[PDB]
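Colleague: I'd like to ask some things about the structure below.
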Amino acid sequence: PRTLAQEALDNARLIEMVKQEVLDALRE
Amino acid sequence: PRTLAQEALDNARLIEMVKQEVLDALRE
Amino acid sequence: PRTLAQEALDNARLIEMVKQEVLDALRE
Amino acid sequence: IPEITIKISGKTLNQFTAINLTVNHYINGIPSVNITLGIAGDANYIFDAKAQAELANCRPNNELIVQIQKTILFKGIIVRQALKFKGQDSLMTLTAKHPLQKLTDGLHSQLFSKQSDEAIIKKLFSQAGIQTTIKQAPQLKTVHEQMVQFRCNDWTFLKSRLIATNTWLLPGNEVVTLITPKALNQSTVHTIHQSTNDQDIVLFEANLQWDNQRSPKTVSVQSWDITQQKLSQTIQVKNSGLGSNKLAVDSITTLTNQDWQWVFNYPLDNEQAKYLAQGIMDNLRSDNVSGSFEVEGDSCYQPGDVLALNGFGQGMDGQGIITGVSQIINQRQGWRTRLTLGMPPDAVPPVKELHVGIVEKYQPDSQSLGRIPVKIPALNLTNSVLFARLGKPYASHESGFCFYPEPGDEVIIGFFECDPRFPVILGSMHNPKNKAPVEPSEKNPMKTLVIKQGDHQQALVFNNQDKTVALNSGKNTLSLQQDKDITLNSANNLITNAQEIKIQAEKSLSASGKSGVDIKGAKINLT
Amino acid sequence: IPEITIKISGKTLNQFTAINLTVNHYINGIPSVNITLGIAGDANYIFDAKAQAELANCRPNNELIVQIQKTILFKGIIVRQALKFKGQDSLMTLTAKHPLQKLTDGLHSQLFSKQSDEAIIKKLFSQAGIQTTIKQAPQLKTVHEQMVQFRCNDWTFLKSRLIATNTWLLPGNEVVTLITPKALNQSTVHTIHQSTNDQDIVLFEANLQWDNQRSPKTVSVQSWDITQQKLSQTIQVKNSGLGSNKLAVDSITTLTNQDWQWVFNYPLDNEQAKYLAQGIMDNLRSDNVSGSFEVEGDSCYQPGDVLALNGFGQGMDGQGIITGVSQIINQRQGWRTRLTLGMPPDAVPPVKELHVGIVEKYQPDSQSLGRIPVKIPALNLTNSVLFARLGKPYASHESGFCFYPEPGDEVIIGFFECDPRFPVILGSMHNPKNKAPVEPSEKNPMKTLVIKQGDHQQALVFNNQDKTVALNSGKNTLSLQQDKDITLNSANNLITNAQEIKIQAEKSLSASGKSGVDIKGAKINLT
Amino acid sequence: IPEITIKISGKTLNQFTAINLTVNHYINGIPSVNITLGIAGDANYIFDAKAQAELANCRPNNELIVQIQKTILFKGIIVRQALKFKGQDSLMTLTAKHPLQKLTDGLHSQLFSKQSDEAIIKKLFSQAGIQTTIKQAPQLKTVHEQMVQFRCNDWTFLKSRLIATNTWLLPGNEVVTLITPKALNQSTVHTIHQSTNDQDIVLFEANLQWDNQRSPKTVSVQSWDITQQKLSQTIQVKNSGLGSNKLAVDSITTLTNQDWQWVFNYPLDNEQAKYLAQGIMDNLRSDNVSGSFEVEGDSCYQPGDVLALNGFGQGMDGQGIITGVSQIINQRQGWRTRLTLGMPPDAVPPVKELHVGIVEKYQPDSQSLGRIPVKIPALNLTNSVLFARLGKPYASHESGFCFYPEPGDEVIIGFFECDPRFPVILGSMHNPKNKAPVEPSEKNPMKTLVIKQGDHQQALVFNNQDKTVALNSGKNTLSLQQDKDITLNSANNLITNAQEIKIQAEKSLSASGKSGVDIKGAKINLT
């Protein structure tokens with residue numbers, strides 16, 4: 001989780017979760 | 001923060017703050 | 001990353017990058 | 001942390017144990033609860049018969065009650081059930097909402113005639129089966145001549161009326177209360193002291209915020225007065241009156257001294273405009289002062305209560321209305337309660353279209369504005385009618401093209417300000433049931449203005465083919481033809497009365513009569 | 001993990017190595033791929049000539065193919081290329097999309113006349129160059145008299161037609177399939193067993209969810225019948241038919257028993273209304289049951305397949321339609337595949353404006369509704385025309401103000417329900433090419449209703465200046481003047497016919513004739 | 001890191017020390033600053049008298065200045081003040097914005113007549129008290145006959161006019177500059193070298209991005225020509241001209257060769273359409289090339305400058321416009337500056353409603369289009385008027401229903417393309433001040449067309465009760481009755497002139513005269 005390759009992987013996992021919850025909240 | 005129960009707590013706390021800041025900027 | 005001053009730094013950095021990706025996805 | 005009991009559909013769960021719990025109550029919102037469940041101590045397998053039987057009983061629409069001793073933290077119905085499996089680990093999450101959630105279901109249109117806002121609101125709650133009370137809200141007694149809900153659920157319609165009449169909704173677990181926002185300053189007060197003894201309220205984490213990005217200095221509402229043909233008296237609102245001292249929303253200095261002006265194109269009396277202006281001002285100034293306070297868990301806190309900060313200094317001392325209360329239960333922190341100050345910003349759901357309508361039987365206009373009763377199939381399905389003002393190609397004082405449509409005619413309906421309460425007629429159309437006297441043709445020779453009922457016809461006809469313009473009422477007719485004669489045919493007598501008559505012909509005058517020509521007079525001088 | 005090959009514009013990369021890869025396919029969506037690249041082992045400097053030459057070859061619009069052995073995981077074009085530099089570390093990310101992305105480019109308006117939905121859809125794909133097939137969708141054979149796309153791209157127009165005709169889109173890598181949602185229950189089944197042998201599907205992490213916040217009990221569609229002047233027969237839809245057992249979307253209990261009602265202001269036949277009602281129902285009920293299942297990577301999974309859960313108990317057993325398949329490739333976890341159930345909710349893109357139009361040459365109306373062919377410059381640029389209803393100041397059975405506009409006239413065009421397929425004419429206007437007979441003036445003395453085509457002129461004139469109202473057809477005229485005489489001038493003969501004639505004068509009657517006065521009759525009795 | 005001074009309302013803080021600082025400047029945006037404050041070293045208690053006194057002095061609307069040596073990093077007004085309490089720890093956060101924030105306050109409507117865009121824009125800034133300059137923007141000299149702002153603040157109105165006139169806003173700390181986007185390629189250049197000496201710009205982290213998902217190949221703008229009754233000459237725009245080499249936005253290959261077409265329903269001259277088309281193209285193509293570069297902190301960077309990459313290879317070499325500059329101050333990283341390339345995509349704020357209006361006194365139309373001056377209460381409150389086209393039931397060349405409304409009549413106002421600058425009259429309506437000659441009734445017996453203007457009355461009357469159609473001008477009248485006689489009554493003389501006259505009666509002809517019947521002529525032949 002220090003160089004670019006792993007940071008992209010960890011962040012993308014967080015982005016996917018965040019988008020799903022925010023989209024659900026906005027559509028609610 | 002390893003099993004499902006604790007992960008739901010930490011993730012929800014991060015979700016609540018992210019949603020508030022995103023909503024504020026979208027309405028700005 | 002324990003007291004209030006530093007927690008503002010780390011979370012704001014995460015907020016800025018999360019907001020940019022979510023806004024791009026919403027406009028997509 | 002006291003005893004927590006959870007009853008789903010009347011019974012307590014046997015296989016699943018509540019891991020986490022969070023209950024939210026907010027003003028002008030639908031309270032919700034989130035519960036996390038799981039099987040403890042490897043007592044049973046997640047896919048066993050007993051575990052699955054409990055799983056099927058937790059499906060949505062089931063009733064859920066969260067209770068501490070006798071106090072009911074939450075009563076509602078489950079809306080979402082979720083499972084999560086990761087290896088051998090499993091977890092269940094339940095989301096339940098207040099019975100006010102039932103207002104969000106459905107999509108229809110209906111009309112309210114000669115009913116007050118209190119009557120309409122009480123009707124909406126009764127359909128969902130919700131008890132309601134009204135406190136210090138006399139503005140709901142006013143009667144609306146016609147109130148239209150167009151293609152929206154009851155929750156959206158109620159929210160529009162709540163802002164328009166300047167009222168807030170307190171979602172109790174048993175009774176829902178509607179109250180004027182300013183009347184909440186007199187409610188019960190929970191005080192937090194900076195210098196405290198050992199039995200006062202313990203404050204763990206606090207939040208405060210002062211903002212002026214959405215604070216108007218004044219709000220002006222003006223309406224078009226149909227009777228006077230002028231803009232009505234302008235109504236100005238300069239304060240909200242919420243809070244006090246440094247937590248008062250009125251203590252925030254605005255960016256500019258400009259005015260926010262609304263000029264409606266439909267009539268609106270002074271009393272209703274004042275409440276609408278105040279409702280707009282409170283909507284924008286609600287979030288001027290906002291924050292969150294986390295205290296030791298207690299069930300006596302309710303939204304709408306007053307939270308007072310004492311002894312914290314000249315920069316924080318004041319009072320505010322608790323707009324939201326959240327209860328949090330977990331093993332790590334026990335029972336904690338979070339109080340909220342402020343509210344994020346939110347008249348009638350709008351039409352956007354052109355509609356068709358049928359002119360109804362004559363009814364006298366209550367306001368004597370000359371409106372025409374029409375039935376709009378989309379806006380309602382009942383027998384009640386709407387009054388729409390009539391548009392004409394020419395209209396002035398004591399003159400104009402006055403051809404009022406007959407009952408049963410098909411008309412084009414437009415709306416002022418896209419408000420369904422103010423329809424207007426833009427024209428009539430001919431359909432296969434109301435046949436047009438003239439059909440469109442290649443040459444389009446004849447233009448006419450006909451009135452014909454039964455066997456009787458009166459018309460003015462322009463004919464391009466033979467260059468004639470004629471007036472006729474049945475068989476009697478008067479025709480003028482270009483490059484030809486002026487013909488006057490009657491099926492009966494012909495009477496001309498005048499002081500003097502001067503019949504002159506450049507070639508010849510040939511009178512006639514098949515049974516006599518009687519020339520009366522006093523001096524018949526031929527020459 | 002098998003061999004992964006990546007060919008960009010037909011060739012494999014020599015300097016960059018694929019680090020991470022993710023491919024997404026979804027129903028009613030544009031499949032996408034994300035690839036992370038980098039230089040391995042310090043083989044070359046990032047800013048060297050070879051590395052930069054490869055960098056310029058990965059620019060957008062280049063073709064990208066991801067393939068395992070012969071199987072093609074993804075085929076598309078690069079839309080986004082991004083670089084990240086942090087000290088000596090560098091990383092490149094590529095985003096490519098299905099050829100369906102080309103439907104999102106452009107913004108125009110066009111009209112389709114007497115074409116079916118299948119013909120229109122096949123035309124749209126052909127412009128982008130996409131092969132298509134239709135399976136078990138007979139509803140696309142119906143012919144639309146006029147179908148209008150207004151200021152939108154092809155993707156938005158297609159998505160509106162898919163919902164209106166109750167059709168789903170399966171985005172294959174070579175062929176795009178359109179199919180009725182209910183027909184997907186008969187597709188191939190991939191079964192997951194709780195009690196499993198060693199060659200079955202391995203399930204790593206699973207998610208399930210039951211919700212009822214957007215589940216209507218019934219959907220009612222009603223339309224205005226122009227011919228009958230009534231609302232058409234109501235059409236009710238009560239089921240979706242998607243899934244089975246505990247995974248069926250119909251097993252969710254709704255919040256209330258209320259009905260969701262649509263009452264359109266335009267005609268809509270029964271067959272089209274049934275398909276529209278079913279499409280609305282499936283749109284809201286698609287996400288009643290949803291979740292994600294993560295299994296071992298395999299390329300035989302396609303969206304539209306049926307995923308069955310067997311042996312998991314009475315709370316989870318059922319079947320569901322796989323609405324999305326995602327492939328994930330990375331070093332830490334190898335090849336993994338994620339299956340998705342459910343779909344988030346989404347007729348014609350709307351106009352919002354008032355439009356100008358030109359009345360076209362006469363054409364017979366197919367439906368015999370009396371509509372007028374007009375050409376709207378904004379809606380289309382071709383030679384095809386639109387049929388629009390005509391609004392009149394007065395219109396009833398066998399009577400009204402019937403003055404049909406001539407070809408070439410400029411008219412005001414409004415739309416029913418903001419639908420471009422149902423224009424209506426609200427009035428005609430005068431322009432510097434169609435001169436008004438009377439210009440606006442300070443005193444506004446003369447009002448008239450003229451018809452003048454060439455030298456012919458028939459008119460009815462109101463003149464305030466001299467207090468006269470006159471009828472004239474060329475030179476022949478009839479004038480009535482207040483406080484004065486009634487004047488009847490003719491340039492030719494004057495014929496009056498009646499049974500009886502009674503000419504009376506209070507002062508005197510003075511007949512005349514320049515070449516004779518012939519008084520015929522049978523009894524000329526003077527007195 | 002140099003000395004940082006922070007002056008709030010003219011003075012520096014004594015109890016709070018700046019922990020963090022971030023200043024943002026962007027093109028077409030309102031610059032903002034975020035500052036984090038706290039008490040250092042337990043010098044004073046947070047709730048003490050001195051600490052609370054500073055707390056009340058940091059309230060919103062206070063002036064805030066951030067300055068390095070003489071250079072002013074930021075000047076603005078505090079909009080948000082936030083407090084953070086957690087146990088004994090406390091923290092304050094301030095947000096301040098550029099004086100351009102004052103343009104976002106307010107909500108009103110106003111009309112600009114015969115003023116250029118430069119005059120309107122300069123007026124808006126003067127109200128907020130902002131100095132402005134214009135560079136290389138001759139397109140702002142064009143004069144608009146009527147420019148309408150409808151129910152929006154000055155910021156929203158300004159942003160619409162900037163895009164329509166193809167202008168960008170550079171928010172300086174003292175002077176706001178408006179400039180054509182293409183003119184920014186000639187600005188000062190800051191060059192970054194891959195092979196560098198020890199006094200060049202140090203680059204820490206960089207980002208680059210090429211996209212084509214929103215890149216149109218061409219943009220076509222067409223407008224309706226009222227005078228010629230045709231669509232105007234189409235205007236095509238194919239380039240943006242921003243950037244150079246590999247960072248040029250035009251180097252991105254588009255998805256398809258399709259054209260993006262706008263066809264407005266209102267007139268628009270060739271010059272204004274070209275600027276609007278260019279503004280549309282630049283809006284979509286601004287973000288084709290985007291990225292962020294982080295360099296050593298320096299105050300000479302301003303938005304609008306050109307950033308050049310040299311020596312980085314054939315895949316990155318080029319130039320670009322710095323659309324945003326951010327300054328970051330913290331203890332861990334010192335002073336750092338971030339430069340941004342590209343801009344996310346954003347003519348007149350639209351009306352949506354039907355409006356009432358009052359016809360004004362006659363004024364000559366400047367364009368000779370025959371428009372009628374009306375006053376719309378909602379759109380403006382001043383004495384200036386708007387010109388609106390008139391809709392008629394029938395209108396063609398030298399013919400139509402020409403009844404121009406009198407001053408003071410009430411009319412329905414619709415808008416072309418929902419643009420407040422192009423109103424149209426759809427009809428006149430009757431009010432309790434302009435009484436209708438006929439009131440609606442149960443039987444609706446009489447239809448008419450009256451021109452009564454005091455004692456003078458001219459009308460054409462259709463009466464169903466007695467089945468008559470009549471023309472009358474005062475007392476003189478002409479009546480035709482079905483199954484009855486044709487009656488012609490005059491209060492004065494009766495003159496009939498014709499070449500030949502043939503009065504014929506099937507029963508009898510009975511002429512009369514109370515003081516004589518003079519039958520002139522040259523041959524009186526009785527029979």
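Each chain in the structure tokens gets a letter, A, B, ..., in the order shown, and its residues are numbered from 1; ligands are numbered from 1 in order too.
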Run DSSP on the backbone and tell me which residues of region 127-356 of chain D come out as strand (DSSP E); list them as an MDAnalysis selection string.
Modeller: chainID D and resid 132:135 143:152 168:171 176:179 189:193 203:211 218:225 230:231 235:237 244:245 259:264 289:296 306:310 318:330 334:341 355:356
Colleague: Using only C-alpha atoms, determine which residues of chain C fall within 10 Å of chain A; present them as a list in words.
Modeller: residues 14, 17, 18, 19, 21, 22, 23, 25 and 26 of chain C
Colleague: Could you write out the selected residues, including N, CA, C and O atoms, as a tab-separated table (two decimals), in the first residue's frame?
Modeller:
```tsv
chain	number	residue	atom	x	y	z
C	14	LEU	N	-8.58	12.15	1.52
C	14	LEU	CA	-9.45	11.08	1.02
C	14	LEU	C	-10.74	11.64	0.44
C	14	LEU	O	-11.26	11.12	-0.55
C	17	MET	N	-10.16	13.10	-3.22
C	17	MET	CA	-10.00	12.10	-4.27
C	17	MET	C	-11.28	11.28	-4.46
C	17	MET	O	-11.59	10.86	-5.58
C	18	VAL	N	-12.02	11.05	-3.38
C	18	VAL	CA	-13.29	10.33	-3.50
C	18	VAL	C	-14.31	11.18	-4.25
C	18	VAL	O	-15.04	10.67	-5.12
C	19	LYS	N	-14.36	12.47	-3.95
C	19	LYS	CA	-15.32	13.36	-4.59
C	19	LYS	C	-15.07	13.46	-6.09
C	19	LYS	O	-16.02	13.49	-6.89
C	21	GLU	N	-13.71	11.23	-8.14
C	21	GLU	CA	-14.11	10.01	-8.84
C	21	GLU	C	-15.62	9.86	-8.88
C	21	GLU	O	-16.18	9.45	-9.91
C	22	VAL	N	-16.30	10.18	-7.78
C	22	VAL	CA	-17.76	10.06	-7.75
C	22	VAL	C	-18.40	11.05	-8.72
C	22	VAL	O	-19.35	10.70	-9.44
C	23	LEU	N	-17.90	12.29	-8.75
C	23	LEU	CA	-18.44	13.28	-9.67
C	23	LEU	C	-18.24	12.85	-11.12
C	23	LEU	O	-19.13	13.03	-11.96
C	25	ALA	N	-18.01	9.75	-12.23
C	25	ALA	CA	-18.91	8.64	-12.50
C	25	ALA	C	-20.35	9.12	-12.67
C	25	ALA	O	-21.08	8.63	-13.54
C	26	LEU	N	-20.78	10.06	-11.83
C	26	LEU	CA	-22.14	10.59	-11.94
C	26	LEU	C	-22.36	11.31	-13.26
C	26	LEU	O	-23.42	11.16	-13.87
```
Colleague: Leaving out region 48-63 of chain E and any residue of its chain fewer than 3 positions from it, which residues lie within 6 Å of it when counting only C-alpha atoms, given as a PyMOL selection string?
Modeller: (chain E and resi 8-9+45+76-80) or (chain F and resi 313-315)
Colleague: Pull C-alpha atoms from the residues just selected and write them as an mmCIF file, in the first residue's frame.
Modeller:
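Generated file (part11.cif):
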```
data_model
loop_
_atom_site.group_PDB
_atom_site.id
_atom_site.type_symbol
_atom_site.label_atom_id
_atom_site.label_comp_id
_atom_site.auth_asym_id
_atom_site.auth_seq_id
_atom_site.Cartn_x
_atom_site.Cartn_y
_atom_site.Cartn_z
ATOM 1 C CA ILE E 8 -3.910 -2.685 -28.798
ATOM 2 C CA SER E 9 -4.603 -1.664 -32.412
ATOM 3 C CA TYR E 45 13.306 4.389 -18.648
ATOM 4 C CA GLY E 76 -13.728 -2.252 -27.847
ATOM 5 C CA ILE E 77 -12.010 1.098 -28.253
ATOM 6 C CA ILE E 78 -9.922 3.080 -25.775
ATOM 7 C CA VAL E 79 -11.744 6.121 -24.417
ATOM 8 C CA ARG E 80 -9.480 7.239 -21.545
ATOM 9 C CA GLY F 313 9.246 12.652 -24.967
ATOM 10 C CA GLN F 314 6.901 12.404 -27.920
ATOM 11 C CA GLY F 315 4.007 11.287 -25.713
#
```
Colleague: May I ask which of the residues D:96, D:72, D:91, D:450 is the closest one to chain E, counting only C-alpha atoms?
Modeller: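 The shortest atom-to-atom distance to chain E comes from D:450.
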Colleague: Please, which residues of region 125-174 of chain F, numbered as in this document, come out alpha helix (DSSP H) from DSSP, as number ranges by chain?
Modeller: F: 125-128, 154-164
Colleague: Please measure the separation of CA of residue 148 (chain D) and CA of residue 350 (chain F), giving the value in Å to one decimal.
Modeller: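 Between these atoms lies a distance of 24.9 Å.
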Colleague: Wanna dump the chain E-chain A contacts at 9 Å for me, each residue with its shortest atom pair and the distance in Å to one decimal, counting only C-alpha atoms, ordered by chain and number, as JSON lines?
Modeller:
```
{"residue": "E:19", "atom": "CA", "partner": "A:5", "partner_atom": "CA", "distance": 7.7}
{"residue": "E:20", "atom": "CA", "partner": "A:9", "partner_atom": "CA", "distance": 8.3}
{"residue": "E:36", "atom": "CA", "partner": "A:5", "partner_atom": "CA", "distance": 7.9}
{"residue": "E:37", "atom": "CA", "partner": "A:5", "partner_atom": "CA", "distance": 8.8}
{"residue": "E:38", "atom": "CA", "partner": "A:5", "partner_atom": "CA", "distance": 8.6}
{"residue": "E:84", "atom": "CA", "partner": "A:4", "partner_atom": "CA", "distance": 8.0}
{"residue": "E:85", "atom": "CA", "partner": "A:4", "partner_atom": "CA", "distance": 8.7}
{"residue": "E:86", "atom": "CA", "partner": "A:4", "partner_atom": "CA", "distance": 8.0}
{"residue": "E:89", "atom": "CA", "partner": "A:4", "partner_atom": "CA", "distance": 7.2}
{"residue": "E:90", "atom": "CA", "partner": "A:4", "partner_atom": "CA", "distance": 7.4}
{"residue": "E:91", "atom": "CA", "partner": "A:4", "partner_atom": "CA", "distance": 6.8}
{"residue": "E:213", "atom": "CA", "partner": "A:28", "partner_atom": "CA", "distance": 8.5}
```
Colleague: Let's have the selection written as a PDB file, in the first residue's frame, with C-alpha atoms.
Modeller:
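Result written to out-v4.pdb:
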```pdb
ATOM      1  CA  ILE E  19      -0.529  -5.349 -13.757  1.00  0.00           C
ATOM      2  CA  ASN E  20      -4.262  -5.385 -12.997  1.00  0.00           C
ATOM      3  CA  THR E  36      -3.273  -0.925 -15.223  1.00  0.00           C
ATOM      4  CA  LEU E  37       0.125  -0.995 -16.928  1.00  0.00           C
ATOM      5  CA  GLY E  38       3.741  -0.406 -15.993  1.00  0.00           C
ATOM      6  CA  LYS E  84       0.577   8.911 -12.837  1.00  0.00           C
ATOM      7  CA  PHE E  85       4.075  10.045 -11.860  1.00  0.00           C
ATOM      8  CA  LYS E  86       5.295  10.126  -8.259  1.00  0.00           C
ATOM      9  CA  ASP E  89       7.439   5.591  -9.939  1.00  0.00           C
ATOM     10  CA  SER E  90       5.148   5.709 -12.972  1.00  0.00           C
ATOM     11  CA  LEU E  91       1.877   4.003 -13.859  1.00  0.00           C
ATOM     12  CA  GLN E 213     -39.186   0.622  -0.889  1.00  0.00           C
TER      13      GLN E 213
END
```
Colleague: Select, from D:437, D:99, D:171, D:521, the residue with the minimum atom-to-atom distance to chain F, counting only C-alpha atoms.
Modeller: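 For chain F, the nearest of the candidates is D:521.
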Colleague: Using only C-alpha atoms, which residue out of E:244, E:290, E:209, E:166 lies closest to chain D?
Modeller: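 Answer, going by the shortest atom-to-atom distance: E:209.
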Colleague: Would you kindly return, as JSON, numbers by chain, each protein, DNA or RNA residue with an atom no farther than 10 Å from any atom of residue 439 (chain E), considering only C-alpha atoms and excluding same-chain residues fewer than 4 positions away?
Modeller: {"E": [435, 444, 446], "F": [368, 369, 370, 371, 402, 404]}
Colleague: Output N, CA, C and O atoms of each residue in that selection to a file, as a PDB file, in the first residue's frame.
Modeller:
```pdb
ATOM      1  N   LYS E 435     -47.624  39.774 -45.141  1.00  0.00           N
ATOM      2  CA  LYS E 435     -47.929  41.079 -44.573  1.00  0.00           C
ATOM      3  C   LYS E 435     -49.321  41.093 -43.961  1.00  0.00           C
ATOM      4  O   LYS E 435     -50.276  40.574 -44.545  1.00  0.00           O
ATOM      5  N   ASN E 444     -55.391  52.677 -33.213  1.00  0.00           N
ATOM      6  CA  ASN E 444     -56.004  51.384 -33.496  1.00  0.00           C
ATOM      7  C   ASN E 444     -57.462  51.537 -33.936  1.00  0.00           C
ATOM      8  O   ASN E 444     -58.372  51.023 -33.277  1.00  0.00           O
ATOM      9  N   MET E 446     -59.162  50.611 -36.858  1.00  0.00           N
ATOM     10  CA  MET E 446     -59.803  49.644 -37.736  1.00  0.00           C
ATOM     11  C   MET E 446     -59.504  48.222 -37.285  1.00  0.00           C
ATOM     12  O   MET E 446     -58.341  47.852 -37.100  1.00  0.00           O
TER      13      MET E 446
ATOM     14  N   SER F 368     -39.601  46.367 -37.268  1.00  0.00           N
ATOM     15  CA  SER F 368     -40.750  46.370 -38.174  1.00  0.00           C
ATOM     16  C   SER F 368     -41.330  44.969 -38.352  1.00  0.00           C
ATOM     17  O   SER F 368     -41.756  44.586 -39.442  1.00  0.00           O
ATOM     18  N   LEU F 369     -41.346  44.196 -37.269  1.00  0.00           N
ATOM     19  CA  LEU F 369     -41.942  42.867 -37.270  1.00  0.00           C
ATOM     20  C   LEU F 369     -43.388  42.869 -36.794  1.00  0.00           C
ATOM     21  O   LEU F 369     -44.005  41.802 -36.731  1.00  0.00           O
ATOM     22  N   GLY F 370     -43.939  44.034 -36.460  1.00  0.00           N
ATOM     23  CA  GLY F 370     -45.309  44.112 -35.999  1.00  0.00           C
ATOM     24  C   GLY F 370     -45.539  43.636 -34.585  1.00  0.00           C
ATOM     25  O   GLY F 370     -46.668  43.273 -34.245  1.00  0.00           O
ATOM     26  N   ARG F 371     -44.506  43.622 -33.750  1.00  0.00           N
ATOM     27  CA  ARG F 371     -44.662  43.160 -32.380  1.00  0.00           C
ATOM     28  C   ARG F 371     -45.381  44.211 -31.538  1.00  0.00           C
ATOM     29  O   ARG F 371     -45.413  45.398 -31.867  1.00  0.00           O
ATOM     30  N   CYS F 402     -57.412  40.262 -37.921  1.00  0.00           N
ATOM     31  CA  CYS F 402     -56.580  41.342 -37.392  1.00  0.00           C
ATOM     32  C   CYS F 402     -57.405  42.186 -36.431  1.00  0.00           C
ATOM     33  O   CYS F 402     -58.114  43.110 -36.828  1.00  0.00           O
ATOM     34  N   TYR F 404     -56.056  43.955 -33.246  1.00  0.00           N
ATOM     35  CA  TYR F 404     -54.966  44.262 -32.334  1.00  0.00           C
ATOM     36  C   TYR F 404     -55.520  44.669 -30.971  1.00  0.00           C
ATOM     37  O   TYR F 404     -56.460  45.465 -30.894  1.00  0.00           O
TER      38      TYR F 404
END
```
